[PDB]
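*Asks:*
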Amino acid sequence: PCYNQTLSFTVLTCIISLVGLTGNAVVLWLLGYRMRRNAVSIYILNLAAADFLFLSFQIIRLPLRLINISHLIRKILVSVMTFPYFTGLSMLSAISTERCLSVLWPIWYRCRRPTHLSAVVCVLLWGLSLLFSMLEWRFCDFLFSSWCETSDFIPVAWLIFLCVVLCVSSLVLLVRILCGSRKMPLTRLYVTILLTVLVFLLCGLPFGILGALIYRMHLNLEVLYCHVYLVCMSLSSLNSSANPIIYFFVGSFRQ
Ligand SMILES: C[C@H](CCC(=O)O)[C@H]1CC[C@H]2[C@@H]3CC[C@@H]4C[C@H](OP(=O)(O)O)CC[C@]4(C)[C@H]3C[C@H](O)[C@]12C
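For reference, each letter of the sequence shown is one residue, going 22 to 165, 170 to 280 in the UniProt record's numbering.
1. Look at the Cβ atom of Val40, then the Cβ atom of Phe274, and state whether they are nearer than 9 Å.
2. Assuming residue 169 and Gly44 form a contact by the criterion Cβ under 8 Å, report the distance between their Cβ atoms to the nearest whole angstrom.
3. Taking a contact to mean a Cβ-Cβ separation below 9 Å, would you say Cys257 touches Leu235 in this structure?
4. Would the C-beta of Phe153 count as close to ligand 1, meaning under 8 Å from any of its heavy atoms?
5. Are there 16 or more other CB atoms within 10 angstroms of the CB of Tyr24, so buried, or fewer, so exposed?
6. Taking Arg159 as the reference, which of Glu174, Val124, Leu198, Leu149 has the closest Cα?
7. Inspect the beta-carbon positions of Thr108 and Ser150 and report whether they are closer than 9 Å.
8. Can you look up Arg55 in the DSSP assignment and give me helix, strand or coil?
9. Classify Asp162 as buried or exposed, calling it buried when 16 or more other Cβ atoms lie within 10 Å of its own Cβ.
10. Quick one: which unbroken alpha helix (DSSP H) runs of 4-plus residues sit fully inside the segment 53–89? Chain order, please.
11. Quick check: what's the CA-CA separation for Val190 versus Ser114?
12. Kindly indicate the opening and closing residues of the alpha helix (DSSP H) around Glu119.
13. In this structure, how does DSSP classify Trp158 when only helix, strand and coil are distinguished?
14. Here's the rule I'm using: 16 or more other beta-carbon atoms within 10 Å means buried, otherwise exposed. How should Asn268 be labelled?
15. Given 8 Å as the limit, is there contact between the segment 213–226 and the segment 89–100, that is, 3 or more CB pairs closer than that?
16. Confirm, please, whether the CB-CB distance from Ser262 to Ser29 is below 9 Å.
17. Roughly how many whole angstroms lie between the Cα atoms of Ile179 and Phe73?
18. Under 8 Å by Cβ, that's how I've got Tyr64 and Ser139 pegged, so tell me the actual separation to the nearest angstrom.
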């Protein structure tokens, strides 16, 4: 904490996290058994599970900032929490590109899909989220040699690839929709895509870019960067909290 203005910030973070696990738990309970796992609901299911892990780790992390400062276990929690965050961003990107592919070629999607590619790509995303967690961890990495000592920007490359592929998938979906017959439910489609892109860039992505440029330039959080880290953490928490809403509750409450 800089001097003050931290207790209310972590209280807001904790409340947002509480509603986050509430929503993630209800959506996980509904989709786990009261669902059919058609083609994308698997993505929503495991994304909601990873998000539940996220907000749970948030409620584990924040209340220890005010009492019993330790400065080491904190690094451990942010290090481990990097993995569920990467998983959640990967699942958001996968959902976006998967919807884009479904719209681009619907016949292939509905007929010629292997009907198990969802699980395969899900486990590949989880495995690659196990990887790329060694951005800041330049600690005893060389256990043997050709390894980027300090300027290791491969996880940054993965994150920027995820962001750009999500953006290009949304753009291609919009171009395909706007270059065809206008059935004109073209207000629900506008709002959902705009909301997903906005909640990915304005929220969530700030946490990733914060980690990226905080381990690229080794900043000790000084007293100048103890006010923006809280904002980034709460933005990521709110993104993870509202993530189940947009993808499941909007559809469920539509009828
Ligand atoms: C998501 C990114 C990595 C993603 C990436 O770039 O590929 C994660 C990785 C390690 C995380 C930082 C480690 C400790 C940083 C310093 C402080 O640590 P505390 O004692 O807990 O207050 C605050 C947390 C802190 C600002 C974390 C911010 C950010 O979330 C990081 C860098």
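Positions of the beta carbon are idealized from the N, C-alpha and C atoms, including for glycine.
*Replies:* Once the coordinates are examined:
1. Numbered from its first residue, the sequence shown carries residue 40 at position 19. Numbered from its first residue, the sequence shown carries residue 274 at position 249. Their beta carbons are not under 9 Å apart, which means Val40 does not touch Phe274 by this criterion.
2. In this structure residue 169 is absent; the chain steps straight from 165 to 170.
3. Looking up residue 257 in the sequence shown gives position 232. Looking up residue 235 in the sequence shown gives position 210. Contact flag set, yes.
4. Position 132 of the sequence shown holds residue 153. Yes, Cβ of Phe153 sits closer than 8 Å to a heavy atom of ligand 1.
5. Numbered from its first residue, the sequence shown carries residue 24 at position 3. Burial call: exposed.
6. Taking the sequence shown and counting its residues from 1, one reaches residue 159 at position 138. Of the listed residues, the one whose Cα sits closest to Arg159 is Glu174.
7. Translated into positions along the sequence shown, residue 108 becomes position 87. Translated into positions along the sequence shown, residue 150 becomes position 129. Yes, Cβ-Cβ distance for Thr108 and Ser150 is below 9 Å.
8. The residue you call residue 55 lines up with position 34 of the sequence shown. Residue state, collapsed to three classes: coil.
9. Your numbering for residue 162 matches position 141 in the sequence shown. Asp162 should be labelled exposed.
10. 62–82
11. Translated into positions along the sequence shown, residue 190 becomes position 165. Translated into positions along the sequence shown, residue 114 becomes position 93. So the two alpha carbons sit approximately 7 Å from each other.
12. Here residue 119 corresponds to residue number 98 of the sequence shown, with the count starting at 1. Its alpha helix (DSSP H) spans residues 94–125.
13. Looking up residue 158 in the sequence shown gives position 137. Three-state DSSP puts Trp158 in coil, outside helix and strand.
14. Along the sequence shown, read from residue 1 onward, the residue named residue 268 stands at position 243. Buried, because 16 or more other Cβ atoms sit within 10 Å of the Cβ of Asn268.
15. By the Cβ criterion, the segment 213–226 is not in contact with the segment 89–100, since fewer than three pairs of Cβ atoms, one from each stretch, lie closer than 8 Å.
16. On the sequence shown, residue 29 is found 8 positions in, with the first residue counted as 1. On the sequence shown, residue 262 is found 237 positions in, with the first residue counted as 1. Going by C-beta atoms, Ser29 is not nearer than 9 Å to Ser262.
17. Here the question's residue 179 lines up with position 154 in the sequence shown. Here the question's residue 73 lines up with position 52 in the sequence shown. The alpha-carbon atoms of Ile179 and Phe73 are separated by roughly 27 Å.
18. Mapped onto the sequence shown, residue 64 falls at position 43. Mapped onto the sequence shown, residue 139 falls at position 118. Confirmed, about 7 Å.
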